[PDB]
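Shown here is one chain on its own, the form solved without ligand NLA, set out as C-alpha cells.
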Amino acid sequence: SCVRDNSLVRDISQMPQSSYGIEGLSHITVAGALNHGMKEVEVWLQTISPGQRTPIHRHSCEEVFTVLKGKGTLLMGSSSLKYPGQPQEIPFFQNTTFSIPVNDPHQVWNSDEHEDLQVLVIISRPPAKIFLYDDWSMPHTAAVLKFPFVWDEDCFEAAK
C-alpha cells in the first residue's frame, strides 16, 4: 500500500520498510515526492545484505550516498562509451560519502561478507527515473526505464 505522511516530524523507525522484490534490500523513503510531497530532493535509507547488489543502472539526477554502517564497493562504468563497459571498482567504508555523476552507469555492491551495509541516499529532481542495464555490456540506448521504480509503484498507482 501507498503510505503518505503529511506530518512535519516523522519517526523513521515507523515508516514501513520493504525489499520491494530486490533480494537483500531493505528500503525506506525517508522524505520523498509521492510519499511526502517533496519536489526538489528525496531521501532514502537503504540496508543491503552481505554479498548483495543493486541493479546496474543510471538516472538523470544527482545522487549522494552517505555510509552509515558497513562497507562495500561502488562499480562505475563509462558515460563516454556507448555502453558502460567493465566497471571501475572503488572501495567505500563506514562514514564515507560518494556522489554519482549525473547519468553515469553504476552499481552498489555489499562486498562485505560479515555485516549489513546501510546508506542514506539523496537524489535531486524526484521521483527517480531509473534506467536498468542487464549487464555492463548493454548499450546505454537499450537500458530500460522502470518508472515508477519499485518503491514508488504503490503511491503512483494510488494517485490515479
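Counting begins at 1, following the sequence as shown.
Keep in mind that the form deposited with ligand NLA bound is not shown, yet the notes after this line are about it.
Using a 2.4 Å cut-off against backbone and C-beta atoms, ligand NLA, superposed onto this form from its pose in the deposited bound form, places no atom that close, and the site is open. Proximity to ligand NLA in the deposited bound form, defined as a heavy atom within 4.5 Å, holds among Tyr133, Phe92, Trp109, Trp44 only for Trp44. When contacts are judged by a 4.5 Å heavy atom cut-off, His36 does not count as touching ligand NLA in the deposited bound form. Using a 4.5 angstroms limit between non-hydrogen atoms, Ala143 is distant from ligand NLA in the deposited bound form. In the deposited bound form, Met138 stays away from ligand NLA, with no heavy atom inside 4.5 Å. A residue is said to contact a partner when one of its heavy atoms sits within 4.5 Å of a partner heavy atom; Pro101 fails this definition for ligand NLA in the deposited bound form, lying far away.
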